[PDB]
Amino acid sequence: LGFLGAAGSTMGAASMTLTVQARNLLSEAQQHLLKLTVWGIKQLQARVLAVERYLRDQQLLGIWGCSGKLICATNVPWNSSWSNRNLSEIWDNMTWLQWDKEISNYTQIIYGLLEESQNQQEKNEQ
Amino acid sequence: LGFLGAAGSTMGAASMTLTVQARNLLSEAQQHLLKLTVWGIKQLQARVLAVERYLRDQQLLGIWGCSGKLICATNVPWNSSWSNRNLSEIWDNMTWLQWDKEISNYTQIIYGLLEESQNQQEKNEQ
Amino acid sequence: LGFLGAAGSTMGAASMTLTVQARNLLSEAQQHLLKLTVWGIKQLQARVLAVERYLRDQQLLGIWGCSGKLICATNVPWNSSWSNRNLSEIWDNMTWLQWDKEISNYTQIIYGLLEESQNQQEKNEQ
Amino acid sequence: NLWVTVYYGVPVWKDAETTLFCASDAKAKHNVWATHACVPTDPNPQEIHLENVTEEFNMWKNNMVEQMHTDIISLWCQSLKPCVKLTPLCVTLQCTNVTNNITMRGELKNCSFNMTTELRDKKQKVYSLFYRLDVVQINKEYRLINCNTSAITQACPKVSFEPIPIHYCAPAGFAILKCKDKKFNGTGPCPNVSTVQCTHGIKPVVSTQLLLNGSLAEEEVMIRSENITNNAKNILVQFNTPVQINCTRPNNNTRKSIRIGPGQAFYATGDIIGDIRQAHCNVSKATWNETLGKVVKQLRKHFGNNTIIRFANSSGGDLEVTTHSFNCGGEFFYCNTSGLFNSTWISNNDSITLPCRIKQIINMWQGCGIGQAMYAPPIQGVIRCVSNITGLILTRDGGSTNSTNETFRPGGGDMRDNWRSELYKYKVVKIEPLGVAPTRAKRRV
Amino acid sequence: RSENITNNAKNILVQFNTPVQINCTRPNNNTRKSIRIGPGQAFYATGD
Amino acid sequence: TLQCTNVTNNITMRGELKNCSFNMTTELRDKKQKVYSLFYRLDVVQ
Amino acid sequence: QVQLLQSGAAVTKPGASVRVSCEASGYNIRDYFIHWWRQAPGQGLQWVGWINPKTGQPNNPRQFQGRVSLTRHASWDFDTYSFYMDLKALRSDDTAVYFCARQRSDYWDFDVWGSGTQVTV
Amino acid sequence: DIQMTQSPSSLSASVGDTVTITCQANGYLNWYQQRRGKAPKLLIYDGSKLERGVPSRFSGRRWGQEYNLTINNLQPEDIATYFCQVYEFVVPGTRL
Ligand SMILES: *[C@@H]1O[C@H](CO)[C@@H](O[C@@H]2O[C@H](CO)[C@@H](O[C@@H]3O[C@H](CO[C@H]4O[C@H](CO)[C@@H](O)[C@H](O)[C@@H]4O)[C@@H](O)[C@H](O[C@H]4O[C@H](CO)[C@@H](O)[C@H](O)[C@@H]4O[C@H]4O[C@H](CO)[C@@H](O)[C@H](O)[C@@H]4O)[C@@H]3O)[C@H](O)[C@H]2NC(C)=O)[C@H](O)[C@H]1NC(C)=O
Ligand SMILES: *[C@@H]1O[C@H](CO)[C@@H](O[C@@H]2O[C@H](CO)[C@@H](O[C@@H]3O[C@H](CO[C@H]4O[C@H](CO)[C@@H](O)[C@H](O)[C@@H]4O)[C@@H](O)[C@H](O[C@H]4O[C@H](CO)[C@@H](O)[C@H](O)[C@@H]4O)[C@@H]3O)[C@H](O)[C@H]2NC(C)=O)[C@H](O)[C@H]1NC(C)=O
Ligand SMILES: *[C@@H]1O[C@H](CO)[C@@H](O[C@@H]2O[C@H](CO)[C@@H](O[C@@H]3O[C@H](CO[C@H]4O[C@H](CO)[C@@H](O)[C@H](O)[C@@H]4O)[C@@H](O)[C@H](O)[C@@H]3O)[C@H](O)[C@H]2NC(C)=O)[C@H](O)[C@H]1NC(C)=O
Ligand SMILES: *[C@@H]1O[C@H](CO)[C@@H](O[C@@H]2O[C@H](CO)[C@@H](O)[C@H](O)[C@H]2NC(C)=O)[C@H](O)[C@H]1NC(C)=O
Ligand SMILES: *[C@@H]1O[C@H](CO)[C@@H](O[C@@H]2O[C@H](CO)[C@@H](O)[C@H](O)[C@H]2NC(C)=O)[C@H](O)[C@H]1NC(C)=O
Ligand SMILES: *[C@@H]1O[C@H](CO)[C@@H](O[C@@H]2O[C@H](CO)[C@@H](O)[C@H](O)[C@H]2NC(C)=O)[C@H](O)[C@H]1NC(C)=O
Ligand SMILES: *[C@@H]1O[C@H](CO)[C@@H](O[C@@H]2O[C@H](CO)[C@@H](O)[C@H](O)[C@H]2NC(C)=O)[C@H](O)[C@H]1NC(C)=O
Ligand SMILES: *[C@@H]1O[C@H](CO)[C@@H](O[C@@H]2O[C@H](CO)[C@@H](O)[C@H](O)[C@H]2NC(C)=O)[C@H](O)[C@H]1NC(C)=O
Ligand SMILES: *[C@@H]1O[C@H](CO)[C@@H](O[C@@H]2O[C@H](CO)[C@@H](O)[C@H](O)[C@H]2NC(C)=O)[C@H](O)[C@H]1NC(C)=O
Ligand SMILES: *[C@@H]1O[C@H](CO)[C@@H](O)[C@H](O)[C@H]1NC(C)=O
Ligand SMILES: *[C@@H]1O[C@H](CO)[C@@H](O)[C@H](O)[C@H]1NC(C)=O
Ligand SMILES: *[C@@H]1O[C@H](CO)[C@@H](O)[C@H](O)[C@H]1NC(C)=O
Ligand SMILES: *[C@@H]1O[C@H](CO)[C@@H](O)[C@H](O)[C@H]1NC(C)=O
Ligand SMILES: *[C@@H]1O[C@H](CO)[C@@H](O)[C@H](O)[C@H]1NC(C)=O
Ligand SMILES: *[C@@H]1O[C@H](CO)[C@@H](O)[C@H](O)[C@H]1NC(C)=O
Ligand SMILES: *[C@@H]1O[C@H](CO)[C@@H](O)[C@H](O)[C@H]1NC(C)=O
Ligand SMILES: *[C@@H]1O[C@H](CO)[C@@H](O)[C@H](O)[C@H]1NC(C)=O
Ligand SMILES: *[C@@H]1O[C@H](CO)[C@@H](O)[C@H](O)[C@H]1NC(C)=O
Ligand SMILES: *[C@@H]1O[C@H](CO)[C@@H](O)[C@H](O)[C@H]1NC(C)=O
Ligand SMILES: *[C@@H]1O[C@H](CO)[C@@H](O)[C@H](O)[C@H]1NC(C)=O
Ligand SMILES: *[C@@H]1O[C@H](CO)[C@@H](O)[C@H](O)[C@H]1NC(C)=O
Ligand SMILES: *[C@@H]1O[C@H](CO)[C@@H](O)[C@H](O)[C@H]1NC(C)=O
Ligand SMILES: *[C@@H]1O[C@H](CO)[C@@H](O)[C@H](O)[C@H]1NC(C)=O
Ligand SMILES: *[C@@H]1O[C@H](CO)[C@@H](O)[C@H](O)[C@H]1NC(C)=O
Ligand SMILES: *[C@@H]1O[C@H](CO)[C@@H](O)[C@H](O)[C@H]1NC(C)=O
Ligand SMILES: *[C@@H]1O[C@H](CO)[C@@H](O)[C@H](O)[C@H]1NC(C)=O
Ligand SMILES: *[C@@H]1O[C@H](CO)[C@@H](O)[C@H](O)[C@H]1NC(C)=O
Ligand SMILES: *[C@@H]1O[C@H](CO)[C@@H](O)[C@H](O)[C@H]1NC(C)=O
Ligand SMILES: *[C@@H]1O[C@H](CO)[C@@H](O)[C@H](O)[C@H]1NC(C)=O
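Residues numbered from 1 in each chain as written, not as in the entry; some residues may be left out. Chains lettered and ligands numbered in written order. Part of a larger assembly, values for the part shown. Heavy atoms only, no water. Residues with missing side-chain atoms left out of burial classes, pairs and counts.

In the PDB archive, cryo-EM is given as the structure determination method for this entry, at a resolution of 3.3 Å.

## Observations regarding the environment of B:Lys123
All names here are of chain B. Test applied: Only runs of H or I of at least four residues qualify as helices and only runs of E of at least two qualify as strands under DSSP, and these elements are numbered from the N terminus. Buried residues are those whose accessible area, probed at 1.4 Å on protein chains only, stays under 20% of the maximum for their type, while exposed residues exceed 50% and partly exposed ones sit between those limits.
Within the fold, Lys123 resides in helix α5 (residues 107-125). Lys123 sits in the exposed class, given a relative accessible area of 55%. Counting along the chain gives 33 residues from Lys123 to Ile90, while the straight-line C-alpha distance between them is 34 Å.

## A closer look at the arrangement of the chains
This is how the line gets drawn: We call two residues contacting when some pair of their heavy atoms lies within 4.5 Å.
Among the 13 pairs of chains in contact, the pair with the most contacts is chains B and D. For chain C and chain G, which are not in contact, the least C-alpha distance works out to 30 Å.

## Observations regarding the sheet that holds strand β4 (residues 49-50) of chain H
Residues and elements named next belong to chain H. What counts is decided by this rule: Strands are treated as partners if at least two bridges between them are detected by DSSP.
Reading across from one edge, β4-β3-β2-β7-β8 is the order of the five strands in this open sheet, with antiparallel pairing throughout. Each of the sheet's edge strands pairs with one partner strand only, and the pair in question is β4 and β8 (94-95). Direction of pairing for strand β7 (residues 81-85) relative to β8: antiparallel, over a ladder of two bridges. Each bridged residue has a counterpart across the sheet, and for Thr81 the counterpart in β8 is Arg95.

## Comments concerning a nonpolar patch on the surface
Put simply, the rule is: A patch is a set of surface residues, each over 30% in relative accessible area and not in a salt bridge, joined within 9 Å for like charges and within 5 Å for the nonpolar side chains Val, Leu, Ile, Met, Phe, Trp and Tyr. The method behind every accessible area is Shrake-Rupley, applied with a 1.4 Å probe, and residues are considered shielded solely by the protein chains displayed. Basic side-chain nitrogens of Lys or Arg form a salt bridge, by our definition, when they fall within 4 Å of a carboxyl oxygen of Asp or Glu.
A contiguous nonpolar patch, built from E:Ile12, E:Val14, E:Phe16 and E:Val20 and spanning about 490 Å² of accessible area, is present on the exposed surface. Within the element layout of this structure, E:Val14 appears in the segment before β1 (32-38).

## With respect to the side chain of D:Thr5
Residue and element names in this part refer to chain D. Heads up, the condition is: Polar contacts, as used here, are pairs of N or O atoms within 3.5 Å; protein pairs need one atom able to donate a hydrogen and one able to accept it. Residues neighboring in sequence count only if both atoms are side-chain atoms.
Within the fold, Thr5 resides in strand β1 (residues 3-8). A polar contact is formed between the side chain of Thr5 and the backbone oxygen of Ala437, at a distance of 2.9 Å. Within the local environment of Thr5, its side chain forms a polar contact with the side chain of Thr439, the two groups lying 2.8 Å apart.

## Focus on the interface of chain D and chain B
Applicable threshold: Reported buried area values correspond to the accessible surface (1.4 Å probe) lost by two parts on association, with both partners' losses combined.
At the interface, 60 residues of chain D touch 57 residues of chain B. Summing the contributions of chain D and of chain B, the shared interface buries around 5,500 Å²; its carbon and sulfur component is 68%. For the chain D face of the interface with chain B, the top three residues by lost area are D:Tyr8, D:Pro11 and D:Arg443, together amounting to 17%. On inspection of chain D and its partner chain B, the count reaches one salt bridge. Among the salt bridges present, the one from B:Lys42 reaches D:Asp71, with a minimum N-O distance of 3.7 Å. Taken together, chain D and chain B are joined by 12 residue pairs in polar contact.

## Quick look at the sheet that holds strand β13 (residues 167-169) of chain D
Residues and elements named next belong to chain D. Spatially, the three strands line up as an open sheet ordered β4-β3-β13, and their pairing is mixed. Edge positions in the sheet fall to β4 (39-40) and β13, since each of these pairs with one other strand and no more. With three bridges joining them, strand β3 (residues 21-24) and β13 adopt antiparallel strand pairing. Considered in β13, the bridge of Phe21 is made with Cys169.

## Points about the site of ligand 5
How we decide: Any residue with a non-hydrogen atom lying within 4 Å of a molecule or strand is treated as near it.
Taken together, D:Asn110, D:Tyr127 and D:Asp271 are the residues near ligand 5. The fraction of the free accessible surface of ligand 5 (590 Å²) that becomes covered by protein chains is 36%.

## Regarding the pairing of strand β2 (residues 30-34) of chain H
All names here are of chain H. Of all five residues making up β2, five are buried, and the element is well covered by its neighbours. The pairing of β2 with β7 spans five bridges and is antiparallel. Its bridge partner lying in β7, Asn30 is registered against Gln85. With three bridges joining them, β2 and strand β3 (residues 41-45) adopt antiparallel strand pairing. When the bridges of β3 are listed, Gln33 appears paired with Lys41. If you look at the hairpin formed by β2 and β3, you'll find six residues sitting between the two strands, and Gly37 has a positive phi there, around 75°.

## Describing the pattern of salt bridges
This structure, assessed with the given rule, holds 41 salt bridges over all chains. In this structure, C:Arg85 and C:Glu89 form a salt bridge, with 3.9 Å as the shortest nitrogen-oxygen distance. Since its relative accessible area comes to 44%, C:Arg85 is described here as partly exposed. Classification of C:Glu89 as partly exposed rests on a relative accessible area of 28%. If you follow the salt bridges from partner to partner, you end up with G:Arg102, G:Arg104, G:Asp109, G:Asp111 and H:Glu51 in one network.

## Some remarks on helix α2 (residues 285-299) of chain D
Residues and elements named next belong to chain D. To keep things clear, this is the line we draw: One less than the number of residues in a helix, times 1.5 Å, gives the span that helix is expected to have. Think of it as the arc spanned by the lines of direction from the helix axis to the C-beta atoms.
Across its 15 residues, α2 extends 21 Å between first and last C-alpha, which sits within 8% of the 21 Å expected from 1.5 Å per residue. Of the positions making up α2, those classed as buried are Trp288, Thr291, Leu292, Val295, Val296, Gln298 and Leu299. Axial view of α2: buried residues confined to an arc of 160°, hence all on one face. Residues of α2 that are exposed and angled more than 90 degrees away from the buried face: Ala286, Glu290 and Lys297.

Printed below as a string of structure tokens:
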């Protein structure tokens, strides 16, 4: 549909339109030469912050081994202590908004297990 | 040869030297403290624009599945309505300059078919 | 351990902790409106320089074919004229600091052979 | 079957307008053009020749000259701010003459006035020498030239007015194309084009009628204009051989310092040690007829073969556009050019002395945005400059449609035409490295 | 709309649904004269 | 310092406008001019 | 708002000097040339010349050199101008009306004109 | 060089028809409407481009070195003098 259009749809339907949320993350006068500081530095600082926030997400995908892919399958088993829900009630009943509130308590443990799995796998095959 | 040296050569000869055009896309005083705005912000804005123009091209390669590769083979069949020319007269007779004028009418249809092919392919194997 | 903690350890031990050195490469007032140039442009220029220095290293990994990987195995044979040392005395006796001083005389020849190997390999399989 | 492949880094460019940055030379002190924040240039320029390409250049629409016109004003007007402004100089003067034997008697004025002391309860009676072009009569009892439309600030004594060559280098992703075709006018394709990192040494010389210290042609005299039919367009001429001009100011002036406030000094003009003489310029009369004989040969290509080409002097305007003005040695000259452009060319050791005048209160760039003028301090000693004349700025008179007579008069005023003669061979492009092409390859699943 | 109706120190914001047209004027036909108070500096006073 | 007189003759508002005259600096800073201007009552104090 | 004011008519003798004024008020004067036109009663228009309002440099044909002197004058705030046109020695056939055109673009578009000043000798 | 020709020297056609006047010239060409004793008014410039303020009953086109001025739906206030204008050369136009 558009930008953030699948926010209310299910997780199975919002995963097919990931390309519309990843593309929108990068887009006579000498009397008042000091006046161009307003909206000349505020606009410039907003463009640098958008680049650094984009490079931090692309760096974590490179560490986990998912560089350049939007849907990446990893090699870490899903622990049942995080969410004891069936697969049919996640992609067909829940949305991405309320799913973040259930994993934000454990969102740093999963980010460490994905890092520990790639450097382990890179060590075997070299 | 050098930067843009193969602009007049054929498309088959200019494709072997793509590394020289991709590398050049990233490279006592308090009395006049306001004078450093000239060539201190104009030079700074030229460096931020070169980064954002480089990240937009690397993002489209990541969407199509060609991240990190200069010559990427895709899985989209070439339609005969775009250019009804033989393969021998493209890489041995034409150059990259006049080739852009023939596809710029249809350069947005090919950019959509490459996006529609990767998310389709990522959906099968997951 | 931490940032640069394996600087004194051997090359075999410092290669297992490469993720801690790659992550740290990206991180009422109108009377003195000219005073915010100090630490408003000096801080802003330090953030743009950190991005351009990071994109130059990620571009060389993309040219050599090692985009997104920290330990990349290439297809270039190691010449014996660079260092006539055994494999057991490199990863168990030497560290990364004094190893740079031995290859800095020949660090530009190896950077050219890695570029010449990927574009050659990309030409065969296409 | 054929399959589309993605190529990154193809040599494809498009026309665009970006903000080029400066690039100075190596420092072996200060000037009005901030040649210290520029990046240092490379010791050897890399000029990659481009074969089998016919790039179309376009003069009179380039954005590089429109950007350089803004950068000169943004540096000339930002250097008059921090140092002293001469706002108490508009007091009434008592000017007497200097030269006794009348003939020019009346060029210099010996004016005395009441100036403010560093203690703001007393006043001093000081005197200074002013030129006739800087004083007007109120109803003796003179004042400064304007004192009603401008706030006169002093030109800053530590900075210099010497035009040193600057470069304009393109950012990442952009390229500059240089046309090396000899028989190439302003608008047209160029089959001999190469790329550069950036341009040659462009000296920001300010002149009106004669282009001083410029780039010369290669084979013949080139005549460039936007349209020869439109008489409102200034005809730009570029020489192939230089015409040496020797300008001087033989008055040995002395500079005295007058404290007009706490920590603020005003450099007046004391006595003149020696003879009272007039500033002038010299050109070779044998070289000027040889140089003007080539322009009349190239002017007959755009007009008839048997037409009468005349050269008259200026028709009017302010002093900047009717006289040859420049900045020899820090002082501003205004030279009468009625001896150069006085000829009539029928088809089929001596030097020309040009009398000049000196001005000290200068208003440029439309008053620097609001109203501001500039007062150049007097330079101590004798001034002498040796420069080249590398082109003219002419203006054809309209209405001539019979009798085969065309008269050309010098013009100027628009400072952009001084940089049209330097940035005519350059164009900035934008690299588009994405390209698709059909290939018989396949993605290995 | 208000932050809290109970707290009387908060300004109550009202928003209309239909506009109320207001016609404001200054019928004095004033003239502007220029007074030069310095070099290149003018002061616009009020004449008759 | 100003020298303000009234403008309206028929009193009733009589006293809204003031006709003030003062010494202003000339562009030549050794003479002075006597100019006049109209000011409102909210811009002047005694 | 863009208007070009015109001065009144004047009657002189053969050998005197005239002056025709032209005031441009409601646009940016320095970016557009100002031309002058003249038409005799019974004939068409005739070009007199233009004047650059930024610099002041005039232009005149061969049949008008030495007689007409185009001069402009700007105010202190540079919002209105005063374009003059002085004739040195009027002949007997100079009884005509003078206009004040305004060049808009490079196609010489004289969109706004003056009211006209007819002078006789 | 500029060459001028004006063949329709005089025409007095009625109201309601479609009349056209032509003049052959090289370069840019503007059309002007001039009444008796009044200032001329620009109708169209560059041969075919229309000026804002002119009614839409005026149109023109060019082909090589021939410029035409189409006058359809004539009006009782549309009888004046029309001439084509190169930069400094103005031919004496014709009256309706
Ligand atoms: C087109 O291009 C040509 C050349 O490319 C250019 O010509 C030149 O003009 C410049 C500017 O006038 C000339 O430069 C000067 O030279 C004089 C005389 O110098 C020579 O003599 C000295 C002393 O013997 C030697 O050391 C030197 O090497 C030369 O041989 C100097 O006096 C000038 O210096 C002063 O002024 C500068 C400001 O402009 C100061 O920054 C500088 O410090 C100097 O000031 C000091 O000395 C004063 C002496 O009284 C003193 O009073 C001051 O307080 C201060 O201490 C300047 O270096 C150059 O020689 C010309 N070139 C030739 C070949 O003649 C044209 O001008 C140009 N065209 C246009 C239109 O610009
Ligand atoms: C471009 O080239 C032309 C021609 O070469 C120059 O033209 C001449 O310009 C000068 C300067 O203005 C003229 O000189 C003066 O004439 C004024 C008007 O003239 C009467 O007197 C002259 C003879 O001088 C007659 O030719 C003319 O018909 C008139 O009868 C005078 O008012 C001037 O007087 C001034 O000088 C005296 C001292 O002699 C002072 O006492 C006065 O106060 C006053 O300052 C002066 O005499 C000259 O007449 C023009 N000649 C022609 C043929 O037109 C242009 O000047 C030149 N342009 C530039 C920019 O160089
Ligand atoms: C730029 O230079 C021009 C010349 O190089 C200047 O033009 C000149 O203007 C001056 C006045 O300022 C004239 O001077 C005078 O000449 C008249 C007439 O002289 C004539 O007749 C006598 C006797 O027959 C003869 O001997 C002379 O040579 C003259 O032929 C005198 O009566 C005056 O006293 C005074 O000497 C110049 O003659 C005139 N030159 C030309 C070639 O016309 C021009 O003014 C300069 N520009 C500016 C802005 O000043
Ligand atoms: C500097 O100021 C003094 C006064 O402070 C001026 O002196 C007087 O000028 C008037 C003018 O007519 C005379 O009537 C007085 O007799 C002068 N007084 C003295 C003591 O000289 C002086 O003229 C001013 N300087 C200048 C150059 O104008
Ligand atoms: C300008 O005028 C002043 C007078 O106001 C001259 O100064 C005098 O110079 C003579 C000769 O050197 C001395 O005898 C006097 O004592 C000086 N008087 C003052 C008050 O300084 C000055 O010489 C004149 N300048 C020129 C170039 O003639
Ligand atoms: C005026 O022109 C002459 C000749 O075009 C210039 O002289 C040359 O200087 C350059 C560099 O300084 C040398 O490479 C040439 O060989 C010289 N030519 C000759 C014939 O000797 C001279 O520099 C120019 N003047 C200025 C001020 O630019
Ligand atoms: C404000 O006061 C001044 C006087 O200072 C008035 O100016 C005078 O106006 C009358 C009538 O127009 C003239 O006859 C006088 O010659 C003027 N005198 C001066 C010195 O200018 C002015 O009219 C007053 N303004 C109002 C609004 O009443
Ligand atoms: C402007 O200044 C002058 C003096 O330079 C003032 O005039 C004097 O005012 C005093 C005040 O009592 C009188 O005693 C004098 O007689 C006045 N002298 C003259 C010559 O008039 C004048 O009042 C000032 N203007 C204003 C509006 O205050
Ligand atoms: C500022 O003062 C100057 C000096 O008088 C004024 O200049 C002149 O204007 C008068 C009136 O038209 C002319 O007679 C003079 O010939 C002019 N002098 C010069 C040197 O050209 C100027 O007009 C004043 N500024 C304003 C805005 O009025
Ligand atoms: C909202 O939910 C309804 C039913 O749960 C569904 O039919 C509809 O498609 C949803 N909206 C979007 C935008 O997906
Ligand atoms: C799941 O988490 C619990 C609690 O942290 C842990 O005890 C258990 O070992 C985890 N499961 C696996 C398979 O590691
Ligand atoms: C995790 O912590 C947050 C904040 O402390 C809390 O809101 C949330 O309920 C916690 N998760 C669980 C499952 O209790
Ligand atoms: C230009 O074309 C000729 C023949 O078409 C070819 O021999 C030459 O190599 C080309 N130039 C370049 C730089 O490839
Ligand atoms: C090629 O393009 C035409 C026109 O858009 C379309 O009808 C045709 O289906 C395309 N070919 C293929 C194989 O899709
Ligand atoms: C595509 O469109 C452009 C611009 O509209 C045009 O120049 C080009 O000729 C078109 N392509 C074809 C094949 O007609
Ligand atoms: C320093 O060297 C000693 C012996 O060579 C080793 O035991 C120790 O681990 C080293 N330190 C670090 C931080 O690796
Ligand atoms: C190793 O380097 C030497 C010296 O450059 C060279 O002669 C030799 O061929 C190199 N070895 C290989 C296998 O290329
Ligand atoms: C390589 O060059 C550097 C600097 O020139 C020098 O210090 C080093 O010793 C050289 N390497 C060898 C093996 O000599
Ligand atoms: C100065 O000389 C000029 C011209 O010679 C003359 O008009 C003026 O009156 C002289 N002034 C004095 C004070 O002698
Ligand atoms: C001059 O420019 C015109 C522009 O159209 C071009 O056609 C012509 O070839 C150029 N050269 C000459 C000698 O006229
Ligand atoms: C292009 O210009 C260069 C230098 O002016 C010259 O050496 C070369 O022969 C020229 N080439 C052509 C094809 O004109
Ligand atoms: C100018 O005068 C000073 C002061 O006496 C002197 O030192 C200098 O030599 C003079 N200039 C010349 C060129 O003689
Ligand atoms: C200019 O001066 C130089 C030396 O200062 C001399 O060689 C040359 O001949 C002079 N030229 C003229 C035209 O006077
Ligand atoms: C210029 O000088 C040459 C010298 O031979 C001469 O033949 C020519 O006639 C002169 N030109 C004019 C206009 O006097
Ligand atoms: C201009 O040329 C004519 C013709 O030779 C000559 O009589 C006159 O003196 C010249 N004027 C100047 C100022 O050189
Ligand atoms: C205000 O006064 C001026 C000056 O006479 C006059 O031109 C203008 O029309 C007046 N305003 C109104 C609204 O009548
Ligand atoms: C002006 O009017 C006010 C109120 O009518 C009065 O108090 C004041 O004295 C008056 N001033 C003069 C100077 O008449
Ligand atoms: C212009 O009009 C004439 C008749 O008035 C006609 O013969 C001619 O074909 C027309 N030309 C064009 C280009 O319409
Ligand atoms: C000059 O203008 C004419 C129209 O008046 C046009 O046909 C011609 O192409 C123009 N010349 C250039 C070089 O633009």
